[PDB]
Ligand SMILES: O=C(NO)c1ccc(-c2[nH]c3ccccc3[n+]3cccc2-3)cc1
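Quick setup: one chain, the form deposited without this ligand, written in structure tokens, and binding and motion questions come after.
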């Protein structure tokens, strides 16, 4: 089923967009957990990483490359953390695959 991230891709509700191409969208998280906290999502509706297909490998890697490029553009020269959450135990909040990128502060261990 559709999610709020689908609405964001479709431009039906606003988001602070950082980057877009034909296959993904990066935008600041509405509930940021670090001074910089953004998401990179595919335009293809993959509901969760556990159901991603082998043919999705380059698209998933594209999310990470876009994420690291956006992190550099946003000035995260001291580092950052990338996160993908799966399911209940993973704390996944939206059933549309989304890569979190967090920085601008020390990230701690364990990662939740």
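Positions refer to the first chain, counted from 1.
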property: Between 71 to 79 and 42 to 50 (mean CA B-factor, as deposited), the higher; result: 71 to 79
property: Highest recorded Cα temperature factor - choice among 99, 94, 13, 25; result: 13
property: Chain-wide C-alpha B factor ranking for residue 6, given as lowest, middle or highest third; result: middle
property: Within-chain third of residue 29 by Cα B-factor, per the entry; result: middle
property: Within-chain third of residue 58 by Cα B-factor, per the entry; result: highest
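The same protein also has a form solved in complex with this ligand, omitted here; what follows describes it.
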item	value
Listed residue (69, 62, 28, 45) with a non-hydrogen atom within 4.5 angstroms of this ligand in the entry with it bound	28
Contact of residue 40 with this ligand in the entry with it bound (heavy atom, 4.5 Å)	no
